[PDB]
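This document opens with one chain alone, in structure tokens, the form deposited in one PDB entry.
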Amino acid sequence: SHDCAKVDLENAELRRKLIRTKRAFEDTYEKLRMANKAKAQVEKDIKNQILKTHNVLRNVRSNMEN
């Protein structure tokens, strides 16, 4: 006892909402992936600038202390 037609309609509706939700998750996950990639590039360039500044300061120390 479950009413077969209603249970079939519920199966179809569940599959529909499931696929729709999987696709919303996939699109949001893609946006987050792009954001993480851009952030990774920015952090890479920041590491470059920190390397430059650290080398400059250490060279000033090697030019004044020694």
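We call the rigid core the largest set of C-alpha positions that still match within 1.5 Å between the two forms. Note that residue numbering follows the sequence shown and begins at 1.
Enquirer: Between 24 to 32 and 37 to 45, point out the one with the higher average CA B-factor as the PDB entry records it.
Expert: That would be 37 to 45.
Enquirer: Pick between 9 to 17 and 50 to 58: the one whose mean CA B-factor in the entry is higher.
Expert: Higher of the two, by average CA B-factor, is 50 to 58.
A second form of this protein, the form deposited in another entry, is not displayed here; the remarks below concern that form.
Enquirer: Which one of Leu51, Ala24, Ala12, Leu18 is the only residue whose C-alpha moves by 2 Å or more between this form and the one not shown, after superposing on the core?
Expert: Result of the comparison: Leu51.
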